[PDB]
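Beneath this line is the structure, given in structure tokens, with notes to follow.
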Amino acid sequence: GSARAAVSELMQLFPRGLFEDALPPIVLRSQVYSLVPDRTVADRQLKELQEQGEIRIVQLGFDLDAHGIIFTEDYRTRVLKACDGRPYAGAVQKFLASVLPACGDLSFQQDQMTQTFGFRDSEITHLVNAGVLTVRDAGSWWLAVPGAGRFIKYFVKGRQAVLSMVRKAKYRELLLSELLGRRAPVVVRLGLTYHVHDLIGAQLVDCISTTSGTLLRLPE
Amino acid sequence: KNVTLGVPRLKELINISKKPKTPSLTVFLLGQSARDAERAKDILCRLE
DNA sequence: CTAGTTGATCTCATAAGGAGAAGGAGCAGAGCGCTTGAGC
């Protein structure tokens, strides 16, 4: 179990064509813990591999522990094709050439951004224009991924959906082989395989192994 | 009967009143009902 | 350019309404993806 390997698999699962090649392929830290049993180390590998500049971990808002992952190169290649042709395309390019390869912190302070990156107080709206700078608070702001709205809406919808059917299942159990074999519900479009990894990481289910494969149960 | 008239009714008109003070309907009959009395009272029972 | 002087200027110091419009609550039902689910 390697975090380099772990993140790669999730990346493959992503429905790339579903979002018209605009949102870079997000993979969650929750589903990272699914492939690698020892979470204790998964964070440690991704930590140095964060400052290694080959990954971007973006903080999301669907829960307190919402930390998404965006591929660095793909994060780069997609912002220009989204920013260019727009009024905000000006200093977002600077943000890219200066801020991204010099820092890896999840949220930038006011004095940090203005001084270290030499940002004015007028162009800062342009980064807020299309998913570049979120709003942590008055003094700090988390790093944004453009066009993240649609993803989480489907993501949250999907999580609820899978949770619901699992509960509905007779005797409140549902075999994992019975998810893949059965057609994915139309309510969730991110992929049934994508979400089942999420609850495993979120510990909403436990991977109980038996003679008939592995089973998931709500916590007792 | 009694029908609201004067300044109260004039105000009631200028500010559209959802609940008229004395709402009323002036019903006219078509056939024999208009001439004879039994059928007209029958229609009255049907409407009241 | 330099001191000395004169005012400004400040600071700190001791003690028997209403009609209507707007929001929200709660229930009530329609619809629909779903999950079975069992009769021919």
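So what is the relative contact order for the range A:87-220, in percent, with contacts set as C-alpha pairs under 8 Å and at least six apart?
Rounded, it is 18 percent for the range A:87-220.
Give the peptides A:178-186, A:147-155 in descending order of average Cβ contacts within 10 Å, highest first.
The densest-packed peptide leads the list: A:147-155, A:178-186.
Under a Cβ-Cβ cut-off of 14 Å, what is the net charge of the residues other than A:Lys157 that fall near it, where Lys and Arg count +1 and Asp and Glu count -1?
Neighbourhood net charge equals +3.
Skipping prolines and chain starts, which residues have an amide H placed within reach, meaning under 5 Å, of the one on A:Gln59, given they are 5 or more residues away or on another chain?
A:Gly68, A:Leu143
Return an integer: the convex hull volume of the alpha-carbon atoms of the range A:38-118, in Å³ per residue.
With only Cα atoms used, the range A:38-118 gives 123 Å³ per residue.
Against the longest alpha carbon principal axis of chain A, how many degrees, from 0 to 90 and to the nearest 10, is the axis of helix A:3-13 turned?
80 degrees
Once you order the gyration tensor axes a ≥ b ≥ c over the Cα atoms, which shape class does the range A:102-185 get: rounded for a/c under 1.5, otherwise prolate or oblate by comparing a/b with b/c?
Here the range A:102-185 falls in the prolate category.
Shape of the protein assembly as shown from its Cα gyration tensor (a ≥ b ≥ c, root eigenvalues): rounded if a/c is under 1.5, otherwise prolate when a/b > b/c, or oblate?
oblate
Report, in degrees rounded to the nearest 10, the 0 to 90 angle that the Cα long axis of helix A:192-202 makes with the longest principal axis of chain A.
With rounding to tens, the tilt is 80 degrees.
Straight-line reach from B:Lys19: which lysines have Cα under 21 Å away, leaving out those fewer than 8 places along the same chain?
B:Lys1, B:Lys11
Summing -39500 (n - 2.57) over the DSSP H runs of n ≥ 4 in chain A and dividing by its residue number, what mean residue ellipticity at 222 nm do you reach, to the nearest 500 deg cm²/dmol?
-12000 deg cm²/dmol
Net charge around A:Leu60, counting only other residues with Cβ within less than 14 Å of its Cβ (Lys, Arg = +1; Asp, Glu = -1)?
Cβ neighbours under 14 Å give a net charge of +3.
Per-residue counts of other Cβ atoms within 10 Å, averaged by peptide: what ranking do you get for A:201-212, B:2-13, A:123-134, highest first? Could the numbers behind the result be given before it?
Values: A:201-212: 13.1, B:2-13: 10.2, A:123-134: 18.3.
Descending mean neighbour count gives A:123-134, A:201-212, B:2-13.
Where a number appears in this text, it was derived from the coordinates with a stated rule and is not lab data. Reconstructed Cβ throughout: ideal geometry from the backbone, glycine too, with neighbour counts over all protein chains shown.
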